[PDB]
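J.: So that we are looking at the same thing, I have put the structure below in C-alpha cells.
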Amino acid sequence: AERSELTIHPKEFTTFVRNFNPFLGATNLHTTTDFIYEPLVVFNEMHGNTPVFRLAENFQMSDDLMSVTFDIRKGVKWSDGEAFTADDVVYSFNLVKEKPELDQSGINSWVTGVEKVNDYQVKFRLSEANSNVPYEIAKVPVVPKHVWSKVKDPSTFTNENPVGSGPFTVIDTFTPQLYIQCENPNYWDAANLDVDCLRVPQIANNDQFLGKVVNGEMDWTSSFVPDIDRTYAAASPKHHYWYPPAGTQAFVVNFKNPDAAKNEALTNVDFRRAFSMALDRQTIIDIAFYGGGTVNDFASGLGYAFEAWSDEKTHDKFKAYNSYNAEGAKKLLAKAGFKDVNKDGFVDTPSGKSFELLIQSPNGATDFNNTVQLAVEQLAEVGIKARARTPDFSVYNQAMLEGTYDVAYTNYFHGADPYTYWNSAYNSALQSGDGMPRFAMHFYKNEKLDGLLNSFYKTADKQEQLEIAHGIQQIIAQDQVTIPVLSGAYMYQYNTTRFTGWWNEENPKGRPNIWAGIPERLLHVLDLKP
Ligand SMILES: CC(=O)N[C@@H]1[C@@H](O)[C@H](O[C@@H]2O[C@H](CO)[C@@H](O)[C@H](O)[C@H]2NC(C)=O)[C@@H](CO)O[C@H]1O
Ligand SMILES: [Ca+2]
Ligand SMILES: [Ca+2]
Ligand SMILES: [Cl-]
Ligand SMILES: [Mg+2]
C-alpha cells in the first residue's frame, strides 16, 4: 500500500537546509510558496491574467484606483486547525511593511496601508493609482498571525515546522538529499486534490538532473534537457514535454562597474550595439538551446510574443543593432574609437586601455553557460575580449546586487503584457533593497522611464497603456540598455508513468512549470491524478 508521491525539481541545491520561510526567497526551500502558503488569487498569465480565486473569492478596485477590497473565503483552516481570516492577511501585509527586508516584490511602494473591514474583507490603500495592483498584492505570502506574531525575528526564522494553508504542509521526511512534503490534514480544497505527497530530491546541476530524468525517476520538472528527443523522449513513450513560449533573455551590463577601463566600454552605447551585432542569436538558440527559443531583435527587449504592442517604427530603427552583423560590429567599433593599440588583436578603450569583459551565468545552468561561451567566441571575432564565468547562483546573484560584475546573462519573468518584463528590468526603484531580485541591477537610471513605468496602470484604458508602452520602448531602444538575445521557453517535462491530468499542447490550461514564482503550479498539481 503506497501513497501517491509526486517527484518534482523546482530548484538546484547541493544540500537541503530546512527552511520554509516564505519571505526568504534567496535561502529557503522552493516548495514553500503555493504548496505551503496558498495565495489569495492565482492569475493565469498564459490566459490573459484571468483570476483564479483561491483564499480570496472576490476583489474590486475603487473608482479612483487608489484602493482595493478583497473578499476572503470562509471555511478555510490552517493546517493546525485554526481558522483563516482577513486578520491573517492584514497581519501579513503589516509585517512586510515594518520589515522591508521581507519585501521581495516591491509591494511596499504600492500599498501604504491595509485594514480589515470585517472578518472576511480586507481593504488596501494605495500610494498611487494602479489598476493592476490586485496582481501585485497576490505575490505577498499570507502567513498565520497566531504563529508569526510570536516569532522572534522573521528574517532569520527558518520556520522548520510550518503551519500552512496550502495542499502540502506536513514534513514527512527530511534529509540533506531528500525531503517529502505531505498533504495538509485540514486542506480546504482537499476534495480537488489527488496527490498525497511531494517528493523532492537534491539535484545540483543539469548534469545530475539529466541522469535522473532519462532514467524515468522524475514526474514533474522544468530543467533544460540537452537533445531531448534522442536522450529523454526516446527513452520512453511515457516521457513527454511541452515547451510553450516564455520571456526575454539578455546580456545585462553593469553601468556602475568600478573598473575604469571596463566602465568606459560598458557605459558606451556604440560599444553595447557593437557587442549586440557581434552576437549570432540564431546560432545561440540552435546550439545552446537545441532550438528551444526565438530570436529577440528588439532593442527594447519586447520580444515577438508581444509584437502587437510594438511601435514598429522604433523597432525597425534599431533592429539592425540587434541582428548578426559582424562586419557592421567591426565598423562600429572603428567609428566609435575602440582601436587596438597594443597589437594583440583586441580593441582597447578610447583612452587606450586594454580590457576583458567577464561574463557570468549561473552554475549548473548549462544552456546559459553554453550561450555565454558561444558569445565569447563571437565577440573575439570582432575583437572584443571576453571570458566566461559560471558562479553558484547565490554568488551570481550577490555580485549583481552589489554591482561588482561586468556582464551577466539572465532571463526574466514573463507576464501577460510587457510590463512584467519592463518594470522588473528597468525600474530604478527596484535597484535598491535587500529583498530585491537581480533583474534591474544594471544601475541605468532614467527618471522619465520610471515615470512612464509607474503610470502604466494609472488608467484602465488599454489604448493609453499601449501608448505608454510605445514611449517605454523608444527610451530603452534608443539607449540599448541591455542586449536582448532571445525569448526562451517554459521548459517542462512530465512523466505519464505514475500520473495523469498533465497540462500540455492539447490541454493548455496555463504555464506548466514547477518553479517557485509560477503560482499556477498550485492549480496544476490540483489537476493531477494517480
Ligand atoms: C526568471 C528566472 O529567474 N527563472 C529561474 C529559472 O530559470 C530556473 O530554472 C533553471 O533555468 C536554467 C536556465 O534555463 C536551466 O538550465 C535549469 O535547468 C533550470 N533549473 C531548474 C531546477 O529548473 C529556476 C531554478 O533555478 O529559478 C527560476 O527563478
Ligand atoms: Ca482535481
Ligand atoms: Ca588591444
Ligand atoms: Cl525595440
Ligand atoms: Mg482528496
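Ordering of the C-alpha cells sets the chain letters (A, B, ...); residue numbers start at 1 within each chain; ligands are numbered from 1 in the order shown.
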Ligand 3: which residues are within 10 Å, counting only C-alpha atoms and all ligand atoms, as a short mmCIF file (atom, residue, chain, number, x, y, z; two decimals) with N, CA, C and O atoms, in the first residue's frame?

T.:
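Ended up saving to result14.cif:
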```
data_model
loop_
_atom_site.label_atom_id
_atom_site.label_comp_id
_atom_site.auth_asym_id
_atom_site.auth_seq_id
_atom_site.Cartn_x
_atom_site.Cartn_y
_atom_site.Cartn_z
N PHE A 338 37.13 52.47 -30.63
CA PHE A 338 37.66 51.33 -29.90
C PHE A 338 38.69 50.70 -30.81
O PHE A 338 38.37 49.85 -31.64
N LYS A 339 39.92 51.16 -30.67
CA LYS A 339 41.01 50.79 -31.55
C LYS A 339 42.02 49.90 -30.82
O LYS A 339 42.37 50.19 -29.67
N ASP A 340 42.47 48.84 -31.48
CA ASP A 340 43.56 48.01 -30.93
C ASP A 340 44.90 48.70 -31.06
O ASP A 340 45.44 48.80 -32.17
N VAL A 341 45.44 49.16 -29.94
CA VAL A 341 46.68 49.90 -29.93
C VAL A 341 47.86 49.17 -29.26
O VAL A 341 48.90 49.77 -29.03
N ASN A 342 47.71 47.89 -28.92
CA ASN A 342 48.88 47.15 -28.43
C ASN A 342 49.11 45.84 -29.20
O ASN A 342 49.78 44.94 -28.72
N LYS A 343 48.55 45.79 -30.41
CA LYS A 343 48.85 44.74 -31.40
C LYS A 343 48.43 43.32 -31.01
O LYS A 343 48.99 42.35 -31.54
N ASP A 344 47.48 43.15 -30.10
CA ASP A 344 47.11 41.80 -29.69
C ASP A 344 45.84 41.33 -30.40
O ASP A 344 45.44 40.18 -30.28
N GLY A 345 45.20 42.22 -31.15
CA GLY A 345 44.04 41.84 -31.94
C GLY A 345 42.71 42.16 -31.29
O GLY A 345 41.66 42.02 -31.91
N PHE A 346 42.76 42.60 -30.04
CA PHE A 346 41.56 43.00 -29.31
C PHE A 346 41.49 44.51 -29.18
O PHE A 346 42.49 45.17 -28.89
N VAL A 347 40.31 45.07 -29.39
CA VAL A 347 40.15 46.51 -29.27
C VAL A 347 40.41 46.97 -27.84
O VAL A 347 40.20 46.24 -26.88
N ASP A 348 40.89 48.19 -27.72
CA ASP A 348 41.11 48.82 -26.43
C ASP A 348 40.13 49.98 -26.32
O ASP A 348 39.49 50.31 -27.31
N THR A 349 39.98 50.59 -25.14
CA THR A 349 39.05 51.70 -24.95
C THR A 349 39.52 52.96 -25.71
O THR A 349 40.67 53.01 -26.16
N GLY A 352 42.73 54.27 -24.56
CA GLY A 352 43.89 53.45 -24.84
C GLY A 352 44.06 52.24 -23.94
O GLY A 352 45.05 51.52 -24.06
N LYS A 353 43.09 51.99 -23.06
CA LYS A 353 43.21 50.92 -22.06
C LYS A 353 42.75 49.54 -22.54
O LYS A 353 41.68 49.41 -23.14
N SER A 354 43.54 48.52 -22.23
CA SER A 354 43.16 47.14 -22.53
C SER A 354 42.06 46.72 -21.59
O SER A 354 41.96 47.23 -20.48
N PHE A 355 41.23 45.78 -22.00
CA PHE A 355 40.20 45.30 -21.08
C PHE A 355 39.67 43.94 -21.53
O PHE A 355 39.73 43.59 -22.70
N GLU A 356 39.17 43.17 -20.57
CA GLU A 356 38.45 41.94 -20.85
C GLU A 356 37.10 42.00 -20.11
O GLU A 356 37.03 42.46 -18.97
N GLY A 383 36.92 41.36 -32.24
CA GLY A 383 37.99 41.97 -31.47
C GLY A 383 37.66 42.39 -30.06
O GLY A 383 38.41 43.14 -29.43
N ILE A 384 36.53 41.91 -29.53
CA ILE A 384 36.17 42.17 -28.14
C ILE A 384 36.63 41.01 -27.25
O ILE A 384 36.23 39.85 -27.46
N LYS A 385 37.47 41.31 -26.26
CA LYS A 385 38.00 40.26 -25.40
C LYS A 385 37.06 39.94 -24.25
O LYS A 385 36.73 40.82 -23.44
#
```

J.: Residues of stretch 140-323 of chain A in strand (DSSP E or B) according to DSSP, as a ChimeraX atom specification?

T.: /A:168-175,178-183,197-201,220-221,239-241,245-253,294-295

J.: Could you write out that same residue set with N, CA and C atoms as an mmCIF file, in the first residue's frame?

T.:
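File result-v3.cif, as written:
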```cif
data_model
loop_
_atom_site.group_PDB
_atom_site.id
_atom_site.type_symbol
_atom_site.label_atom_id
_atom_site.label_comp_id
_atom_site.auth_asym_id
_atom_site.auth_seq_id
_atom_site.Cartn_x
_atom_site.Cartn_y
_atom_site.Cartn_z
ATOM 1 N N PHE A 168 0.174 20.970 0.741
ATOM 2 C CA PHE A 168 1.228 20.104 1.299
ATOM 3 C C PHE A 168 2.033 20.816 2.365
ATOM 4 N N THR A 169 1.678 20.601 3.630
ATOM 5 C CA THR A 169 2.289 21.330 4.735
ATOM 6 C C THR A 169 3.065 20.408 5.689
ATOM 7 N N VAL A 170 2.865 19.106 5.567
ATOM 8 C CA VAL A 170 3.477 18.197 6.522
ATOM 9 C C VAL A 170 4.858 17.726 6.075
ATOM 10 N N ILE A 171 5.853 17.928 6.927
ATOM 11 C CA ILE A 171 7.205 17.480 6.595
ATOM 12 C C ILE A 171 7.386 16.045 7.033
ATOM 13 N N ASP A 172 7.121 15.137 6.104
ATOM 14 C CA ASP A 172 7.141 13.705 6.360
ATOM 15 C C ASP A 172 8.562 13.172 6.540
ATOM 16 N N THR A 173 9.424 13.503 5.587
ATOM 17 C CA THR A 173 10.808 13.063 5.592
ATOM 18 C C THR A 173 11.689 14.279 5.365
ATOM 19 N N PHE A 174 12.751 14.440 6.145
ATOM 20 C CA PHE A 174 13.767 15.435 5.806
ATOM 21 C C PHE A 174 15.186 14.901 6.011
ATOM 22 N N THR A 175 15.988 14.975 4.949
ATOM 23 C CA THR A 175 17.418 14.661 4.981
ATOM 24 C C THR A 175 18.143 15.653 4.059
ATOM 25 N N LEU A 178 17.050 14.600 0.472
ATOM 26 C CA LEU A 178 15.673 14.270 0.114
ATOM 27 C C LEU A 178 14.727 14.801 1.162
ATOM 28 N N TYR A 179 13.666 15.478 0.724
ATOM 29 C CA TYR A 179 12.565 15.722 1.637
ATOM 30 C C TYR A 179 11.233 15.426 0.968
ATOM 31 N N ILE A 180 10.250 15.106 1.801
ATOM 32 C CA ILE A 180 8.933 14.696 1.341
ATOM 33 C C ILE A 180 7.935 15.553 2.091
ATOM 34 N N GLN A 181 7.029 16.165 1.345
ATOM 35 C CA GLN A 181 6.114 17.166 1.867
ATOM 36 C C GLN A 181 4.707 16.659 1.591
ATOM 37 N N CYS A 182 3.966 16.338 2.651
ATOM 38 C CA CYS A 182 2.680 15.645 2.514
ATOM 39 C C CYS A 182 1.444 16.509 2.752
ATOM 40 N N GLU A 183 0.291 15.950 2.390
ATOM 41 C CA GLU A 183 -0.982 16.641 2.485
ATOM 42 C C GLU A 183 -1.309 17.258 3.837
ATOM 43 N N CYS A 197 1.652 13.331 -1.644
ATOM 44 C CA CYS A 197 2.923 13.901 -1.173
ATOM 45 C C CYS A 197 3.755 14.474 -2.312
ATOM 46 N N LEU A 198 4.563 15.492 -2.001
ATOM 47 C CA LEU A 198 5.578 15.989 -2.935
ATOM 48 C C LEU A 198 6.921 15.414 -2.523
ATOM 49 N N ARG A 199 7.588 14.767 -3.465
ATOM 50 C CA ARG A 199 8.887 14.158 -3.208
ATOM 51 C C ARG A 199 9.968 15.001 -3.871
ATOM 52 N N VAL A 200 10.892 15.528 -3.081
ATOM 53 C CA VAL A 200 11.857 16.490 -3.601
ATOM 54 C C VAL A 200 13.316 16.059 -3.386
ATOM 55 N N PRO A 201 13.945 15.518 -4.432
ATOM 56 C CA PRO A 201 15.328 15.019 -4.362
ATOM 57 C C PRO A 201 16.368 16.120 -4.589
ATOM 58 N N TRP A 220 7.717 15.618 -12.558
ATOM 59 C CA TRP A 220 7.374 16.975 -12.920
ATOM 60 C C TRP A 220 8.613 17.872 -12.806
ATOM 61 N N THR A 221 9.130 18.312 -13.946
ATOM 62 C CA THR A 221 10.368 19.087 -13.947
ATOM 63 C C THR A 221 10.301 20.217 -14.962
ATOM 64 N N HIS A 239 7.580 9.431 -21.579
ATOM 65 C CA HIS A 239 8.326 10.664 -21.344
ATOM 66 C C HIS A 239 7.860 11.766 -22.260
ATOM 67 N N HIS A 240 7.228 12.787 -21.695
ATOM 68 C CA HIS A 240 6.701 13.857 -22.516
ATOM 69 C C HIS A 240 7.235 15.203 -22.104
ATOM 70 N N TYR A 241 7.005 16.186 -22.956
ATOM 71 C CA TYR A 241 7.361 17.555 -22.643
ATOM 72 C C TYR A 241 6.496 18.492 -23.452
ATOM 73 N N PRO A 245 6.107 29.208 -25.217
ATOM 74 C CA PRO A 245 6.991 30.385 -25.267
ATOM 75 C C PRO A 245 7.084 31.138 -23.947
ATOM 76 N N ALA A 246 8.295 31.543 -23.566
ATOM 77 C CA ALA A 246 8.493 32.265 -22.315
ATOM 78 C C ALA A 246 9.083 33.654 -22.559
ATOM 79 N N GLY A 247 9.782 34.182 -21.559
ATOM 80 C CA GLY A 247 10.204 35.568 -21.577
ATOM 81 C C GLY A 247 11.582 35.845 -22.149
ATOM 82 N N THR A 248 12.004 37.091 -21.972
ATOM 83 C CA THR A 248 13.223 37.610 -22.578
ATOM 84 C C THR A 248 14.459 37.087 -21.860
ATOM 85 N N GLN A 249 15.521 36.835 -22.622
ATOM 86 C CA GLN A 249 16.841 36.576 -22.048
ATOM 87 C C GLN A 249 17.821 37.560 -22.656
ATOM 88 N N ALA A 250 18.714 38.093 -21.831
ATOM 89 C CA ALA A 250 19.602 39.153 -22.284
ATOM 90 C C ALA A 250 20.969 39.117 -21.620
ATOM 91 N N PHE A 251 21.944 39.765 -22.259
ATOM 92 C CA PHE A 251 23.150 40.170 -21.558
ATOM 93 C C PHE A 251 22.878 41.513 -20.898
ATOM 94 N N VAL A 252 23.069 41.561 -19.593
ATOM 95 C CA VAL A 252 22.889 42.788 -18.833
ATOM 96 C C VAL A 252 24.246 43.349 -18.439
ATOM 97 N N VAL A 253 24.510 44.626 -18.726
ATOM 98 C CA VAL A 253 25.822 45.175 -18.430
ATOM 99 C C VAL A 253 25.753 46.098 -17.210
ATOM 100 N N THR A 294 13.382 31.691 -29.488
ATOM 101 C CA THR A 294 13.120 32.555 -30.625
ATOM 102 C C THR A 294 14.045 33.745 -30.561
ATOM 103 N N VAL A 295 14.579 34.143 -31.709
ATOM 104 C CA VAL A 295 15.436 35.310 -31.793
ATOM 105 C C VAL A 295 14.718 36.554 -31.264
#
```

J.: Counting only C-alpha atoms and all ligand atoms, which residues of chain A sit at most 6 Å from some atom of ligand 1, and what is each one's closest atom pair with its distance in Å to one decimal, listed by chain and rising residue number, as JSON lines?

T.:
```
{"residue": "A:9", "atom": "CA", "partner": "ligand 1", "partner_atom_place_in_ligand_line": "22 (C)", "distance": 5.6}
{"residue": "A:10", "atom": "CA", "partner": "ligand 1", "partner_atom_place_in_ligand_line": "22 (C)", "distance": 4.8}
{"residue": "A:11", "atom": "CA", "partner": "ligand 1", "partner_atom_place_in_ligand_line": "22 (C)", "distance": 3.9}
{"residue": "A:12", "atom": "CA", "partner": "ligand 1", "partner_atom_place_in_ligand_line": "22 (C)", "distance": 5.1}
{"residue": "A:206", "atom": "CA", "partner": "ligand 1", "partner_atom_place_in_ligand_line": "18 (O)", "distance": 5.3}
{"residue": "A:222", "atom": "CA", "partner": "ligand 1", "partner_atom_place_in_ligand_line": "23 (O)", "distance": 4.3}
{"residue": "A:223", "atom": "CA", "partner": "ligand 1", "partner_atom_place_in_ligand_line": "18 (O)", "distance": 3.4}
{"residue": "A:224", "atom": "CA", "partner": "ligand 1", "partner_atom_place_in_ligand_line": "18 (O)", "distance": 4.2}
{"residue": "A:365", "atom": "CA", "partner": "ligand 1", "partner_atom_place_in_ligand_line": "16 (O)", "distance": 3.5}
{"residue": "A:366", "atom": "CA", "partner": "ligand 1", "partner_atom_place_in_ligand_line": "16 (O)", "distance": 5.4}
{"residue": "A:367", "atom": "CA", "partner": "ligand 1", "partner_atom_place_in_ligand_line": "16 (O)", "distance": 5.3}
{"residue": "A:368", "atom": "CA", "partner": "ligand 1", "partner_atom_place_in_ligand_line": "13 (C)", "distance": 5.8}
{"residue": "A:411", "atom": "CA", "partner": "ligand 1", "partner_atom_place_in_ligand_line": "1 (C)", "distance": 5.0}
{"residue": "A:412", "atom": "CA", "partner": "ligand 1", "partner_atom_place_in_ligand_line": "1 (C)", "distance": 4.1}
{"residue": "A:413", "atom": "CA", "partner": "ligand 1", "partner_atom_place_in_ligand_line": "1 (C)", "distance": 4.3}
{"residue": "A:515", "atom": "CA", "partner": "ligand 1", "partner_atom_place_in_ligand_line": "24 (C)", "distance": 5.7}
```

J.: Could you please extract the residues within 10 Å of ligand 4, counting only C-alpha atoms and all ligand atoms, and hand them back as a PDB file with N, CA, C and O atoms, in the first residue's frame?

T.:
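Result written to selection03.pdb:
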```
ATOM      1  N   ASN A 296      15.391  37.315 -30.413  1.00  0.00           N
ATOM      2  CA  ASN A 296      14.856  38.584 -29.940  1.00  0.00           C
ATOM      3  C   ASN A 296      15.672  39.736 -30.523  1.00  0.00           C
ATOM      4  O   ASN A 296      16.769  40.018 -30.028  1.00  0.00           O
ATOM      5  N   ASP A 297      15.157  40.401 -31.564  1.00  0.00           N
ATOM      6  CA  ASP A 297      15.899  41.517 -32.170  1.00  0.00           C
ATOM      7  C   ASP A 297      15.281  42.889 -31.891  1.00  0.00           C
ATOM      8  O   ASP A 297      15.536  43.854 -32.619  1.00  0.00           O
ATOM      9  N   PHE A 298      14.481  42.968 -30.830  1.00  0.00           N
ATOM     10  CA  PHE A 298      14.023  44.239 -30.277  1.00  0.00           C
ATOM     11  C   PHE A 298      15.079  44.813 -29.353  1.00  0.00           C
ATOM     12  O   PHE A 298      15.463  44.174 -28.376  1.00  0.00           O
ATOM     13  N   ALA A 299      15.542  46.019 -29.648  1.00  0.00           N
ATOM     14  CA  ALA A 299      16.494  46.694 -28.782  1.00  0.00           C
ATOM     15  C   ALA A 299      15.890  46.937 -27.412  1.00  0.00           C
ATOM     16  O   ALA A 299      16.617  47.049 -26.437  1.00  0.00           O
ATOM     17  N   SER A 300      14.557  47.014 -27.356  1.00  0.00           N
ATOM     18  CA  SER A 300      13.818  47.234 -26.115  1.00  0.00           C
ATOM     19  C   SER A 300      13.618  45.953 -25.299  1.00  0.00           C
ATOM     20  O   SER A 300      13.244  46.015 -24.128  1.00  0.00           O
ATOM     21  N   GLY A 301      13.865  44.805 -25.927  1.00  0.00           N
ATOM     22  CA  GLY A 301      13.707  43.508 -25.290  1.00  0.00           C
ATOM     23  C   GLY A 301      12.288  42.969 -25.374  1.00  0.00           C
ATOM     24  O   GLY A 301      12.008  41.884 -24.875  1.00  0.00           O
ATOM     25  N   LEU A 302      11.396  43.728 -26.014  1.00  0.00           N
ATOM     26  CA  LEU A 302       9.970  43.374 -26.104  1.00  0.00           C
ATOM     27  C   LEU A 302       9.690  41.925 -26.468  1.00  0.00           C
ATOM     28  O   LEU A 302       8.985  41.219 -25.739  1.00  0.00           O
ATOM     29  N   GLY A 303      10.217  41.472 -27.599  1.00  0.00           N
ATOM     30  CA  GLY A 303      10.042  40.083 -27.988  1.00  0.00           C
ATOM     31  C   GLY A 303       8.844  39.852 -28.896  1.00  0.00           C
ATOM     32  O   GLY A 303       7.884  40.625 -28.873  1.00  0.00           O
ATOM     33  N   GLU A 307       4.545  41.430 -30.123  1.00  0.00           N
ATOM     34  CA  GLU A 307       4.774  42.343 -31.241  1.00  0.00           C
ATOM     35  C   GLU A 307       3.568  43.226 -31.545  1.00  0.00           C
ATOM     36  O   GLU A 307       3.710  44.252 -32.199  1.00  0.00           O
ATOM     37  N   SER A 310       4.170  46.549 -30.201  1.00  0.00           N
ATOM     38  CA  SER A 310       5.385  47.198 -30.689  1.00  0.00           C
ATOM     39  C   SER A 310       5.083  48.404 -31.547  1.00  0.00           C
ATOM     40  O   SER A 310       4.257  48.326 -32.449  1.00  0.00           O
ATOM     41  N   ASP A 311       5.737  49.517 -31.250  1.00  0.00           N
ATOM     42  CA  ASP A 311       5.791  50.649 -32.164  1.00  0.00           C
ATOM     43  C   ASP A 311       6.806  50.309 -33.234  1.00  0.00           C
ATOM     44  O   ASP A 311       8.012  50.416 -33.007  1.00  0.00           O
ATOM     45  N   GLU A 312       6.327  49.893 -34.398  1.00  0.00           N
ATOM     46  CA  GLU A 312       7.208  49.262 -35.374  1.00  0.00           C
ATOM     47  C   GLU A 312       8.199  50.221 -36.027  1.00  0.00           C
ATOM     48  O   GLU A 312       9.163  49.775 -36.652  1.00  0.00           O
ATOM     49  N   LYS A 313       7.992  51.525 -35.861  1.00  0.00           N
ATOM     50  CA  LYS A 313       8.977  52.479 -36.344  1.00  0.00           C
ATOM     51  C   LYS A 313      10.167  52.504 -35.392  1.00  0.00           C
ATOM     52  O   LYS A 313      11.307  52.694 -35.815  1.00  0.00           O
ATOM     53  N   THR A 314       9.912  52.309 -34.102  1.00  0.00           N
ATOM     54  CA  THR A 314      11.011  52.212 -33.152  1.00  0.00           C
ATOM     55  C   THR A 314      11.764  50.894 -33.333  1.00  0.00           C
ATOM     56  O   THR A 314      12.998  50.857 -33.342  1.00  0.00           O
ATOM     57  N   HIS A 315      11.024  49.809 -33.488  1.00  0.00           N
ATOM     58  CA  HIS A 315      11.649  48.511 -33.636  1.00  0.00           C
ATOM     59  C   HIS A 315      12.533  48.433 -34.875  1.00  0.00           C
ATOM     60  O   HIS A 315      13.610  47.848 -34.831  1.00  0.00           O
ATOM     61  N   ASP A 316      12.087  49.020 -35.981  1.00  0.00           N
ATOM     62  CA  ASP A 316      12.838  48.888 -37.227  1.00  0.00           C
ATOM     63  C   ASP A 316      14.021  49.859 -37.267  1.00  0.00           C
ATOM     64  O   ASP A 316      15.036  49.577 -37.891  1.00  0.00           O
ATOM     65  N   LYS A 317      13.899  50.985 -36.577  1.00  0.00           N
ATOM     66  CA  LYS A 317      15.000  51.937 -36.493  1.00  0.00           C
ATOM     67  C   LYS A 317      16.231  51.339 -35.795  1.00  0.00           C
ATOM     68  O   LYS A 317      17.354  51.633 -36.188  1.00  0.00           O
ATOM     69  N   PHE A 318      16.037  50.494 -34.779  1.00  0.00           N
ATOM     70  CA  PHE A 318      17.183  49.989 -34.000  1.00  0.00           C
ATOM     71  C   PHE A 318      17.431  48.493 -34.172  1.00  0.00           C
ATOM     72  O   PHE A 318      18.329  47.915 -33.534  1.00  0.00           O
ATOM     73  N   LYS A 319      16.641  47.878 -35.043  1.00  0.00           N
ATOM     74  CA  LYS A 319      16.697  46.445 -35.316  1.00  0.00           C
ATOM     75  C   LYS A 319      18.048  45.974 -35.822  1.00  0.00           C
ATOM     76  O   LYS A 319      18.480  44.853 -35.537  1.00  0.00           O
ATOM     77  N   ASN A 322      20.660  44.827 -33.455  1.00  0.00           N
ATOM     78  CA  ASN A 322      20.283  43.683 -32.654  1.00  0.00           C
ATOM     79  C   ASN A 322      20.093  42.474 -33.558  1.00  0.00           C
ATOM     80  O   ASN A 322      19.313  41.560 -33.267  1.00  0.00           O
ATOM     81  N   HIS A 470       4.692  52.296 -25.989  1.00  0.00           N
ATOM     82  CA  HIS A 470       5.484  52.849 -27.089  1.00  0.00           C
ATOM     83  C   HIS A 470       6.545  53.830 -26.609  1.00  0.00           C
ATOM     84  O   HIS A 470       7.664  53.840 -27.121  1.00  0.00           O
ATOM     85  N   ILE A 472       7.935  53.725 -23.626  1.00  0.00           N
ATOM     86  CA  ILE A 472       8.929  52.939 -22.905  1.00  0.00           C
ATOM     87  C   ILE A 472       9.867  52.274 -23.903  1.00  0.00           C
ATOM     88  O   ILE A 472      11.095  52.290 -23.734  1.00  0.00           O
ATOM     89  N   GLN A 473       9.275  51.701 -24.944  1.00  0.00           N
ATOM     90  CA  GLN A 473      10.016  51.015 -25.986  1.00  0.00           C
ATOM     91  C   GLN A 473      11.062  51.926 -26.621  1.00  0.00           C
ATOM     92  O   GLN A 473      12.197  51.514 -26.830  1.00  0.00           O
ATOM     93  N   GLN A 474      10.671  53.164 -26.903  1.00  0.00           N
ATOM     94  CA  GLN A 474      11.551  54.141 -27.530  1.00  0.00           C
ATOM     95  C   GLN A 474      12.734  54.524 -26.651  1.00  0.00           C
ATOM     96  O   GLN A 474      13.869  54.539 -27.117  1.00  0.00           O
ATOM     97  N   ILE A 475      12.470  54.864 -25.393  1.00  0.00           N
ATOM     98  CA  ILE A 475      13.545  55.186 -24.469  1.00  0.00           C
ATOM     99  C   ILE A 475      14.603  54.068 -24.375  1.00  0.00           C
ATOM    100  O   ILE A 475      15.811  54.307 -24.494  1.00  0.00           O
ATOM    101  N   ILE A 476      14.143  52.848 -24.146  1.00  0.00           N
ATOM    102  CA  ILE A 476      15.061  51.729 -23.936  1.00  0.00           C
ATOM    103  C   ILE A 476      15.826  51.369 -25.221  1.00  0.00           C
ATOM    104  O   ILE A 476      17.031  51.114 -25.182  1.00  0.00           O
ATOM    105  N   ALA A 477      15.144  51.375 -26.361  1.00  0.00           N
ATOM    106  CA  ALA A 477      15.821  51.042 -27.621  1.00  0.00           C
ATOM    107  C   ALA A 477      16.891  52.083 -27.969  1.00  0.00           C
ATOM    108  O   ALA A 477      18.001  51.751 -28.401  1.00  0.00           O
ATOM    109  N   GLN A 478      16.549  53.341 -27.748  1.00  0.00           N
ATOM    110  CA  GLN A 478      17.442  54.456 -28.019  1.00  0.00           C
ATOM    111  C   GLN A 478      18.752  54.329 -27.253  1.00  0.00           C
ATOM    112  O   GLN A 478      19.805  54.732 -27.730  1.00  0.00           O
ATOM    113  N   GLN A 480      19.906  51.357 -25.851  1.00  0.00           N
ATOM    114  CA  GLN A 480      20.404  49.974 -25.906  1.00  0.00           C
ATOM    115  C   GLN A 480      20.868  49.576 -24.515  1.00  0.00           C
ATOM    116  O   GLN A 480      22.063  49.322 -24.292  1.00  0.00           O
ATOM    117  N   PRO A 484      19.357  42.285 -25.574  1.00  0.00           N
ATOM    118  CA  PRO A 484      18.427  41.159 -25.614  1.00  0.00           C
ATOM    119  C   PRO A 484      18.871  40.143 -26.670  1.00  0.00           C
ATOM    120  O   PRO A 484      19.374  40.524 -27.731  1.00  0.00           O
TER     121      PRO A 484
END
```

J.: Please list as a list in words every residue within 8 Å of residue A:49, counting only C-alpha atoms and excluding residues in the same chain fewer than 5 positions away.

T.: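 What passes the distance filter is residues 43, 44 and 416 of chain A.
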
J.: Env of residue A:176: 10 Å cut, atoms = only C-alpha atoms, seq-sep filter 6 positions within chain, self excluded. Answer as an MDAnalysis selection string.

T.: chainID A and resid 13:18 201:202

J.: Please produce a file of the residues just selected, as a compact mmCIF listing (two decimals), in the first residue's frame, where the atoms kept are N, CA, C and O atoms.

T.:
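Writing the result to part21.txt gives the following:
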```txt
# COMPACT_ATOMS: atom_id res chain seq x y z
N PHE A 13 20.03 22.52 -5.60
CA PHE A 13 20.70 22.65 -4.31
C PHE A 13 21.83 21.64 -4.27
O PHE A 13 21.74 20.61 -4.92
N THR A 14 22.89 21.93 -3.52
CA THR A 14 23.89 20.90 -3.29
C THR A 14 23.53 20.12 -2.02
O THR A 14 23.83 18.94 -1.89
N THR A 15 22.87 20.80 -1.09
CA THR A 15 22.38 20.13 0.10
C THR A 15 21.14 20.88 0.61
O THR A 15 21.03 22.10 0.42
N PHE A 16 20.19 20.17 1.19
CA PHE A 16 18.97 20.80 1.68
C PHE A 16 19.18 21.35 3.07
O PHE A 16 19.59 20.63 3.98
N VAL A 17 18.87 22.62 3.25
CA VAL A 17 18.79 23.17 4.59
C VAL A 17 17.33 23.44 4.89
O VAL A 17 16.61 24.01 4.07
N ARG A 18 16.88 22.99 6.06
CA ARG A 18 15.47 23.06 6.43
C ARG A 18 15.05 24.50 6.68
O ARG A 18 15.32 25.06 7.74
N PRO A 201 13.95 15.52 -4.43
CA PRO A 201 15.33 15.02 -4.36
C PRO A 201 16.37 16.12 -4.59
O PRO A 201 16.13 17.03 -5.37
N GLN A 202 17.51 16.02 -3.93
CA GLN A 202 18.58 17.01 -4.11
C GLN A 202 19.33 16.81 -5.44
O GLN A 202 19.87 15.74 -5.70
```
